[PDB]
Structure formats: C-alpha cells, structure tokens
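Undergrad: Pasting the sequence and an experimental structure:
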Amino acid sequence: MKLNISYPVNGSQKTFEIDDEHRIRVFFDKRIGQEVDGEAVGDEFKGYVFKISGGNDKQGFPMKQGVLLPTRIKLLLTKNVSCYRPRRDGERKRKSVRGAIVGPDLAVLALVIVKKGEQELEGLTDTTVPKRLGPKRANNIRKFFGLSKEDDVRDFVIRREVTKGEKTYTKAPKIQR
Amino acid sequence: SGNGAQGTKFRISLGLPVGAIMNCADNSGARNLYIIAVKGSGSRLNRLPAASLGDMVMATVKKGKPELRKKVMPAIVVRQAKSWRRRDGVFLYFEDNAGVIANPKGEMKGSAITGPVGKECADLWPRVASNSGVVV
Amino acid sequence: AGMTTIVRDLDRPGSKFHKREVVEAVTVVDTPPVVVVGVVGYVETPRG
Amino acid sequence: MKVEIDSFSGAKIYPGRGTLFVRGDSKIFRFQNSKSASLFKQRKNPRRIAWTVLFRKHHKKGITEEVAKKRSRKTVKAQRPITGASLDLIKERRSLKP
Amino acid sequence: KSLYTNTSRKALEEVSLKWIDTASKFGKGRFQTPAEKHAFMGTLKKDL
RNA sequence: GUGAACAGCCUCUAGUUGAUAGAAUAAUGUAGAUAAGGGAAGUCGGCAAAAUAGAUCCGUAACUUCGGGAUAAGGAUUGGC
RNA sequence: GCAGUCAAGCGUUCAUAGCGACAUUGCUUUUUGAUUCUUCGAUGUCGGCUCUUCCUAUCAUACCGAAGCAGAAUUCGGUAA
RNA sequence: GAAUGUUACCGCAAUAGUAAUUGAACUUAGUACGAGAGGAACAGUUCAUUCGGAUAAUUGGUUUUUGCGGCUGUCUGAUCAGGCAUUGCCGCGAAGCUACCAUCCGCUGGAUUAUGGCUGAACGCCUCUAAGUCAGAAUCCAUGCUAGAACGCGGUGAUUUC
RNA sequence: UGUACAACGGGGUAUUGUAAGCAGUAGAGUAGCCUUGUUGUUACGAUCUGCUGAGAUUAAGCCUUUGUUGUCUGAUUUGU
Ligand SMILES: [Mg+2]
Ligand SMILES: [Mg+2]
Ligand SMILES: [Mg+2]
Ligand SMILES: [Mg+2]
Ligand SMILES: [Mg+2]
Ligand SMILES: [Mg+2]
Ligand SMILES: [Mg+2]
Ligand SMILES: [Mg+2]
Ligand SMILES: [Mg+2]
Ligand SMILES: [Mg+2]
Ligand SMILES: [Mg+2]
Ligand SMILES: [Mg+2]
Ligand SMILES: [Mg+2]
Ligand SMILES: [Mg+2]
Ligand SMILES: [Mg+2]
Ligand SMILES: [Mg+2]
Ligand SMILES: [Mg+2]
Ligand SMILES: [Mg+2]
Ligand SMILES: [Mg+2]
Ligand SMILES: [Mg+2]
Ligand SMILES: [Mg+2]
Ligand SMILES: [Mg+2]
Ligand SMILES: [Mg+2]
Ligand SMILES: [Mg+2]
Ligand SMILES: [Mg+2]
Ligand SMILES: [Mg+2]
Ligand SMILES: [Mg+2]
Ligand SMILES: [Mg+2]
Ligand SMILES: [Mg+2]
Ligand SMILES: [Mg+2]
Ligand SMILES: [Mg+2]
Ligand SMILES: [Mg+2]
Ligand SMILES: [Mg+2]
Ligand SMILES: [Mg+2]
Ligand SMILES: [Mg+2]
Ligand SMILES: [Mg+2]
Ligand SMILES: [Mg+2]
Ligand SMILES: [Mg+2]
Ligand SMILES: [Mg+2]
Ligand SMILES: [Mg+2]
Ligand SMILES: [Mg+2]
Ligand SMILES: [Mg+2]
Ligand SMILES: [Mg+2]
Ligand SMILES: [Mg+2]
Ligand SMILES: [Mg+2]
Ligand SMILES: [Mg+2]
Ligand SMILES: [Mg+2]
Ligand SMILES: [Mg+2]
Ligand SMILES: [Mg+2]
Ligand SMILES: [Mg+2]
Ligand SMILES: [Mg+2]
Ligand SMILES: [Mg+2]
Ligand SMILES: [Mg+2]
Ligand SMILES: [Mg+2]
Ligand SMILES: [Mg+2]
Ligand SMILES: [Mg+2]
Ligand SMILES: [Mg+2]
Ligand SMILES: [Mg+2]
Ligand SMILES: [Mg+2]
Ligand SMILES: [Mg+2]
Ligand SMILES: [Mg+2]
C-alpha cells in the first residue's frame, strides 16, 4: 500500500510505496492516533515514530476517527464532521465511510511523523516549506513577535515582495482589531 | 445450469428437492415457485432431483398473477438455507429459499430482485447479476 | 497422529479459485528416523 | 487470510470455522460455534450473557491498565516564517523585548 | 513412493502453506497458542 | 400437596421390596427418543409419527329442523415477587 | 414376435442409399392357443418393494464401414452386454 | 481351529475376485462446409453426473458426559445440598459414532475385434489374404488393488537337562 | 526393578456460564419500637451488584507429569 507521510515540523510531505505484506503487517489492527515505530516498515525509517492519522481504501472511501471497526459502514453525517461537506443548511447525508482500523484493504495510509529517526528521509527532513500567511489580527502580530501593547504593530506586519516586470511591489495585510 | 450458463460451477450441497417451494424474489408478479425438475441432474432409483444455489429448475407458480399460474417455466435458484461450504472454507446459509423466473437462455422475466443473492449464482448468470442489489 | 486444517493460495490457471486462498484438511503422521538392521536378497524363479 | 469475529460473542473466528448467516436485510452474521449460533437464533441478547466480550465491555470487566496513563507527546518548536516575505528579516526583527 | 510419474497439473502444483491450524481439537478451539489465549482473556484468578 | 378433580405426579398410615443370577454391550430385533435442508416427492391410502391442547380475554363463515353448526376458523395472554 | 431369399414396384431419373408386392425359407419361446406328462395325504395368485445374476433381438456410452453423408442433424450396417 | 519337531519374525504367490462411469462449459471458432439460413471436431483447460474405497481437521446430526445451567410438582422443619416423576422437562453441551448434510483418493503397459491398410501370388492383368505383415475399440491379458491354498512354498531368529 | 506399571494428586486442554459464603447507600416495598426524625432506629423484601469468566465437571477410548502411594515368579504345555 501507499504511505502518505508528513513532517509537520517542516510542513513537508512525500509518499512511500511499501510492498511485502510483512512490512505492511505492522500497521494492522493499529487504529488512528496510535503510534508506530519505524524500523519494522523500512530500514530507512529506523528511529522514526509514526502517528496514524487516516487514509483511503480501494474504491477510495476515507477513514473516520473513532468508528472503531476495520470495515466500511454507512453513516448519517452532519455539519462539522469528517468525510462530509453539507450542500445546504441542515443538510445531512447518509454516506459510506471506512473504519479507523488498518487492514490490507487500504489503498493509502496517512502518517504523521512525531519523532525523527536515526537517518534523514529524503524530501522530508531535508526540505522545508514556509507558512503561506502571516498574522493579520493585531494581537496575533503581537504574539508572533512578543511585543506588549507598547511596540505599535504597523512595522511588524509581514510584507510580501512581488515583481511587476520591472517594478517590485510590497503588500501587507490589513491589521484588524 | 447449462444453456446461457457461461461458467462452470463448483458443487454445492443440494438443498431443494423436487416439491420444495421457494420465495419468488423478482418483480415478475409471481410470489412463490414450486420446483418440479432440476436441469442437468442425473438418475438413481428413488433419488429426488435436487437444486442448489445457481441451478436452473423447471417450476410452476403456486401463488401469483393468474397469467403466470398453471404453466411450467424455467427459474434460477438465488438463495438457499441448507448450508453449504465454499472452497474458501466457510459454511454459510441464507434465511430463505428463493429464485427468479427466467427463460431457457437464462434471461430474467422480471427486472429487479428483492433480497441478497448468492455469488455463485451471480457469477453464473449475467442477467441475475445485473438485477442484483447485494451479492453474498 | 491426527488431522488439522491448512490455508494456502491456489495455483491453477483457469480455475475460479486461481490465486485465491482455499482451506484444506490434512493428516499428520509421526515419522521419527527409521533404523536399518538387515538386508534381504531375492532371486527370480519360474515360481516367482 | 483474515481472522474474523463472532457477531454474538466476539470470539475470533479463524478460517473455516463456525458458520455464516445472511439475513433477509443482507446483514451478515458470523458465528464461531453453534453455541453463539443458538443463543443468537434464540433472540438472546449478548449484553446479558455474562461470558461475552460485549457483556464484559458493558460491565467494565478487567480492562485495568487500558485506563492506566500513557507516554505519547511531541517536542517541536521551529520557524518557517511566511511565504513571500523574506524569511531572513523574520528573526532579526524577531528579537522580542518582553 | 508412487508407482507412476503423475503429470496431473493437480499433481505437479507446488504448494506453500500460509497457515496451519493449531487450536485444540478437544472442543471448539478458539486459540492457536497459550500466548494468544492470554492476550485475549487477560489475567485470571490463577496466573500472577 | 399440586390441581376443576376419586386425573396424572410426589407423600403419611399400613404393606411390599416377590419376578433365576453373573459378565459384556456385535449383528438383527422389541420397546422408548432425536435429527441439517426439503416437506407426502414415500404409500393402495399420510399407515406410523408429528402437530394441537389447560384457563382468561378478543373474535368467529356457509348452512339450519332456529335447537344448532361452535372450543367453528383466527388471535393475545399466563412465572416470581 | 423376430429374421431371411426372389425382385415386380417405391424412391424426380435410378430394383436393392433407405424400402419392397406376389410368392417363399426360417428362427424365437416374456403372446395366445393346442395337449394333459408331473403335482389335488398341497410345490400359498396378481402387483409392488428389496436384491443378485444372467441373455441380446443394443436405447445410451468406445471404435468403425454406408448414405439420396456439403455443414449441423439423422438413417443403415459391423466389433460390442 | 487339532495334526506335518517346537516357537517367533520377515516374505513368496498358485488360484479366486477386481472398477470405474457419464455429461457440460471455456477454448478451438462464429472456424472448417455452405448462396444463405446455419454450423462441427481432435489437442489444451475448468468443473459436473452415476459408482466405489476411506476418512472426522472443519460444518451439521445424535446426548446417560445424566457435564454445566435453568424449570414445574412433591418429599428431607428452614438453609445448604438433595431424593422421586420407567431418562420428569428445557437450553447449551465435550468424546465417540456419523452425512454427496462433511472432506479426501480411485493406476498404465501390452495383445486383439470390427474396420482401414502394406507386400503379394493364386489368375503374366488384378486384388488387405492365400504365405507373411502395419494400424486399431467402453473388449482381453497383464500392471495395480483385495484375499492368501487353513493338506502350495521361501528366508531368518531362538530352541527346555533335575 | 526402569524413560517400568498402576492409583491418586498437580499442570494443560474441554464444557457450562458466574459456586457456596459474606457484604452492600442496589430493590416495587413491608412490618415493629420510641427519643416521632432536619438519611430516627431495628430488622425482613422476588431480584440486583461485588469478591467472581467464577464454581463444577474434564477420560471413562483427551494431553502431560521430577510429587504421593503401591506393585513386580501364580498356572499349563511343547522336541527334529
Ligand atoms: Mg475590525
Ligand atoms: Mg415480493
Ligand atoms: Mg421408488
Ligand atoms: Mg386456489
Ligand atoms: Mg437493468
Ligand atoms: Mg446443534
Ligand atoms: Mg455440535
Ligand atoms: Mg474435536
Ligand atoms: Mg397384602
Ligand atoms: Mg418369569
Ligand atoms: Mg420385572
Ligand atoms: Mg440376564
Ligand atoms: Mg427433518
Ligand atoms: Mg411447509
Ligand atoms: Mg403420490
Ligand atoms: Mg401439497
Ligand atoms: Mg410412487
Ligand atoms: Mg384405495
Ligand atoms: Mg394409486
Ligand atoms: Mg394415525
Ligand atoms: Mg419438534
Ligand atoms: Mg366446520
Ligand atoms: Mg405479569
Ligand atoms: Mg412377445
Ligand atoms: Mg416378381
Ligand atoms: Mg440408384
Ligand atoms: Mg422405376
Ligand atoms: Mg397341467
Ligand atoms: Mg395338487
Ligand atoms: Mg403332496
Ligand atoms: Mg407346504
Ligand atoms: Mg417352496
Ligand atoms: Mg450381436
Ligand atoms: Mg466396422
Ligand atoms: Mg443418387
Ligand atoms: Mg456386465
Ligand atoms: Mg456372453
Ligand atoms: Mg500348531
Ligand atoms: Mg465465441
Ligand atoms: Mg447448397
Ligand atoms: Mg454408475
Ligand atoms: Mg459431535
Ligand atoms: Mg441438572
Ligand atoms: Mg442465604
Ligand atoms: Mg419414597
Ligand atoms: Mg408411577
Ligand atoms: Mg461418495
Ligand atoms: Mg501402474
Ligand atoms: Mg496396394
Ligand atoms: Mg485384415
Ligand atoms: Mg488370415
Ligand atoms: Mg484367395
Ligand atoms: Mg476401462
Ligand atoms: Mg500380454
Ligand atoms: Mg487400482
Ligand atoms: Mg497358508
Ligand atoms: Mg513357513
Ligand atoms: Mg497398584
Ligand atoms: Mg462474576
Ligand atoms: Mg468399550
Ligand atoms: Mg502433587
């Protein structure tokens, strides 16, 4: 099956394809949330700890935290819930869902590095991706720099450069509150 | 089995000897099916011919529309009750016996099938597959 | 000794159970080494 | 190969073993042995039959060290800054004061 | 030893067991090993 | 005592504990039971067997000599405290 | 009841692919008669059930020769129980 | 099961018995043949019928395991624990037995028949036949399988002293 | 007279479905005594819960055993 691994310290991600049911077998009966040591899966992964976060089975149905169960069931889902986006106020839809217990019927696992290992995973530990946006609300700018209500914010707001051919521009947010 | 049965079929415990009445499980107008013969079956002094899942019997409609009563026609068995054992190791049985009336080619008279349907039947009779909801 | 059950994938092209697991009954017969203690030599005759 | 579980009792069902029952609503019930199969057919209720998983889960029998704490947490703390703004002038103006 | 070389395909097939049953045969065996059985039942009134 | 009861089943008083015995538990029997799925296809014929059953309440057709048919049929209920 | 010989005819033409009149030679002993030998100081009917074995005048299955056998289907025949 | 010195072990094999059966689907192939309509077969594959010989891992049936629990009626002052009701009744129930209701297994050489042929005379030609000979069937004989002659047999062990 | 055999006992494996006992602020509730309740008190109450997947049974044709106890020369017959 395919592994979907994220290093959320670097905001990196890359997928790994694991064949050999023996290496795959480590994840079986493990749920979402449960931690999984690494060496079992690959000799690269030695040291690493993985948190199981979700994934998809064949036919593509999502896992859903907390179902328990290692199969599919059909649930009434609501606003504010995994695996459903309501089209309309008060809309609820009965939809199939995959359980949160891993079996060989999954097309992909979703894993979330919690502890780095003895060696560096390629496009994961060695590359790093910057947050898209900066603090927009007044006090959030304060805390992302630790400033007290004395420093005045307008100079700490982030400014993003951008070229207009032979003119580079500078656009900052719009502080609020 | 036989005609329009593309495929072979592994044996399954015979469950419905001649005289058995099974639920009619389609929307043809028929409510039950009375088995009078099992196609493809063989001889033995005193043995009742008996059908199984996926078999084609000859039947009559004991209960149902009168246009369907009083005449013999082909039907396919789709659920059992007599448990039987697949090659994957399992003994399994349905809660009723049931079939769907069909032509010699194996095409279904009706257009839907109410109930689950055994895979071994689905696998054997394409039209039975089309009209199935849950298989096995 | 006795019997027990087995599980194995089937290899049999064209079978509807090609590449599918089957469960099969099996017997087990206890089989410690045998020990050789003699040799007997036979000859052919018109009486066998 | 998949070990299965008993709909009634929640015993593991290793291959070829107990029976499988497909009910009118195409709900599938698996039994490991005719004991569970009978109590089921008898409209008995697993949560009232004292030797079943389901009964035990409900009456909280011997779970003990599952309710015992664990050691699972992280230790991150790392910058990245904001995409488009020069992440080089985001640590020199990140000197704080309180 | 067989009296003929059988060329059956059925004979010839090379099996590879994936699982051998090992639960008790003195009743409805629920467990392969004492370990599995401990894992499932937890601690009993004897034991530790 | 249970219970409608001189029923069946258990008991007090009284009276018996008589019926060749021992050891095994092959076939075939006699007598007593059970069987998945089907359900009279068995048979001259449902022969044998199985199903039903008490009580309280509900609800009961053709037909009739108006008396019946009728426990018609068909349902629900029932312990202990 | 079963099988032949002759070959006038049938078969578009063509006796004999498949058939076959008038005649005529047989075989069989699950038909029915004819007889009256044995049994009337007893050899208990018909059918079915169960079960074995045998015959072949072969319905199917193996291998063949014919055809008015293009193919598919069929018909006739041989070795075959 | 007496007797062929005793007793034991391992074997031979005369004679007798004998067994496997049928169908479909895929593929060949929408091919050969046919104006068309239609429409095969051999090799290969997967299953099935009827039959047979076992076997009980699994599933199911059986229950005096009178094994555990439940229930009525009475009897032992109550309790505990029990007795009786031709096995009181009920649910579960190991073991054993057991079912195309369950699973597994059922061998390959030769010689022939019909028939088609080879060479080839009788009969200068011709002919599968007369001599000689090739190919050949659910047949036959062996292979294999069951018994093992209690008056068929072989190899081998040990063979008693008060 | 020894990796002996047996009877027990132990451990495993099975079957049932939670033993007796004791306790309880569980319980439709009920009695009795007053000091008539700012849980008054003493007991009773089908059933429930805890100790408790407990207790019971488990080779009579299951498996195993470092333990305990015992047993280990009676009879008849056979020769080329
Ligand atoms: Mg604002
Ligand atoms: Mg309907
Ligand atoms: Mg008959
Ligand atoms: Mg009517
Ligand atoms: Mg459709
Ligand atoms: Mg049962
Ligand atoms: Mg059972
Ligand atoms: Mg067993
Ligand atoms: Mg008297
Ligand atoms: Mg007498
Ligand atoms: Mg008597
Ligand atoms: Mg006696
Ligand atoms: Mg029955
Ligand atoms: Mg019925
Ligand atoms: Mg009849
Ligand atoms: Mg009827
Ligand atoms: Mg009849
Ligand atoms: Mg009559
Ligand atoms: Mg009649
Ligand atoms: Mg009667
Ligand atoms: Mg009954
Ligand atoms: Mg009436
Ligand atoms: Mg009440
Ligand atoms: Mg006749
Ligand atoms: Mg003439
Ligand atoms: Mg002609
Ligand atoms: Mg003419
Ligand atoms: Mg006479
Ligand atoms: Mg007479
Ligand atoms: Mg006489
Ligand atoms: Mg007489
Ligand atoms: Mg006589
Ligand atoms: Mg003949
Ligand atoms: Mg011929
Ligand atoms: Mg012509
Ligand atoms: Mg014969
Ligand atoms: Mg003969
Ligand atoms: Mg002797
Ligand atoms: Mg095609
Ligand atoms: Mg033409
Ligand atoms: Mg047969
Ligand atoms: Mg049994
Ligand atoms: Mg009892
Ligand atoms: Mg008490
Ligand atoms: Mg008495
Ligand atoms: Mg009596
Ligand atoms: Mg058989
Ligand atoms: Mg051979
Ligand atoms: Mg020539
Ligand atoms: Mg010749
Ligand atoms: Mg000759
Ligand atoms: Mg000649
Ligand atoms: Mg043969
Ligand atoms: Mg020979
Ligand atoms: Mg053989
Ligand atoms: Mg002898
Ligand atoms: Mg000898
Ligand atoms: Mg002793
Ligand atoms: Mg408990
Ligand atoms: Mg015995
Ligand atoms: Mg001890």
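TA: Here it is on my side, so go on. Numbers count the residues shown, from 1 in each chain, chains lettered A, B, ... in the order given. Ligands and ions are numbered 1, 2, ... in the order given.
Undergrad: Please identify the helix or strand for the closest residue to chain A within chain D.
TA: Residue nearest to chain A within chain D: residue D:84 (3.3 Å; CB to the nearest CB). Placement of C-beta: from N, CA and C, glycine included. Following DSSP states H and E, there is no helix or strand that holds residue D:84.
Undergrad: doesn't residue A:163 make contact with it?
TA: No - Residue D:84 is beyond contact range of residue A:163, at 11.4 Å (criterion: CB atoms under 8 Å).
Undergrad: Could you check which of the two is surrounded by more residues?
TA: For residue D:84 and residue A:163, the more surrounded residue by other CB atoms under 10 Å in any protein chain shown is residue D:84, and the numbers stand at 16 against 8.
Undergrad: ok, the residue nearest to the more buried one when sequence neighbours are not counted to residue A:141 distance?
TA: Leaving out its chain neighbours, the residue that sits closest to residue D:84 by CB to CB, 6 or more residues apart in numbering or on different chains is residue A:160, at 3.3 Å. Residue A:160 is 15 Å from residue A:141, where distance means CB to CB, to the nearest Å.
Undergrad: now the strands for the chain?
TA: In the absence of a named chain, this looks at chain A. Ranges of strands in chain A, per DSSP state E, are A:2-7, A:12-17, A:35-37, A:49-57, A:72-77, A:93-98, A:106-115, A:160-163, A:168-171.
Undergrad: meant chain D, my bad for not saying
TA: D:4-5, D:12-13, D:19-22, D:28-31.
Undergrad: is any part of the first one close to RNA strand I?
TA: Pointing back at strand D:4-5 there. No - Strand D:4-5 stays clear of RNA strand I (CB under 7 Å from any atom of the strand), getting no nearer than 13.1 Å.
Undergrad: Name every strand pairing with that strand and say which way it goes.
TA: Strand pairing for strand D:4-5, determined by DSSP bridges: strand D:12-13 (antiparallel).
Undergrad: what does the partner strand contact?
TA: D:3, D:4, D:5, D:6, D:30, D:31, D:32, E:30, E:31, E:40 (CB atoms under 8 Å, 6 or more residues apart in numbering or on different chains).
Undergrad: starting at the chain centroid, how far to that strand?
TA: 16 Å (CA atoms, centre = their mean, to the nearest Å).
Undergrad: Who are the packing partners of the longest helix along chain D?
TA: Determined from DSSP state H, the single longest helix within chain D is helix D:34-41. If you count contacts as 3 or more CB pairs under 8 Å, 6 or more residues apart in numbering or on different chains; DSSP states H and E, helix D:34-41 packs onto strand D:19-22, strand D:28-31.
Undergrad: dump the residue contacts of residue 24.
TA: I went with chain A, as the question did not name one. A:1, A:18, A:41, A:104.
Undergrad: That was the other one, I meant chain D.
TA: By CB under 8 Å, 6+ apart, residue D:24 lies in contact with B:95, B:96, B:115.
Undergrad: just residue C:12 next, same as before
TA: C:18, E:9, E:10, E:13 are the contacts of residue C:12 under CB under 8 Å, 6+ apart.
Undergrad: nearest spatial neighbour of the third one, skipping sequence neighbours?
TA: Just to be clear, that refers to residue E:10. Nearest non-adjacent residue to residue E:10 (CB to CB, 6+ apart): residue C:12, at 7.7 Å.
Undergrad: That neighbour is in what secondary structure piece?
TA: Assigned by DSSP H and E, residue C:12 falls outside every helix and strand.
Undergrad: any idea how far RNA strand H is from it?
TA: Residue C:12 sits at a distance of 5 Å from RNA strand H (criterion: CB to the nearest atom of the strand, to the nearest Å).
Undergrad: do residue D:95 as well
TA: Applying CB to the nearest atom of the strand to residue D:95 and RNA strand H gives a distance of 73 Å.
Undergrad: Neighbours of that residue, how many?
TA: Look at residue D:95: counted by other CB under 10 Å, it has 8 neighbours.
Undergrad: before we move on, what about residue D:4?
TA: Neighbour count for residue D:4, taken as other CB under 10 Å: 16.
Undergrad: How about the one 4 residues further on?
TA: Residue D:8 is flanked by 25 other residues according to other CB under 10 Å.
Undergrad: Quick check, residue B:129 in contact with residue B:122.
TA: Yes - in terms of CB under 8 Å, residue B:129 counts as a neighbour of residue B:122; the distance is 4.6 Å.
Undergrad: which residues are common contacts for those two?
TA: residue B:135.
Undergrad: re the thing from before, which positions within the longest helix of chain D qualify as buried?
TA: Across helix D:34-41, burial judged by 16 or more other CB atoms under 10 Å in any protein chain shown covers D:35, D:36, D:37, D:39, D:40.
Undergrad: For the third one, which non-adjacent residue is closest in space?
TA: Leaving aside its chain neighbours, residue D:37 sits nearest to residue D:31 (4.0 Å; criterion: CB to CB, 6+ apart).
Undergrad: cool, the first one as well?
TA: The shortest distance from residue D:35 to any residue that is not its chain neighbour, by CB to CB, 6+ apart, is 7.5 Å, and that residue is residue E:28.
Undergrad: and if you look at the second one?
TA: The spatial neighbour of residue D:36 that comes closest, neighbours along the chain excluded (CB to CB, 6+ apart), is residue D:8 at 3.9 Å.
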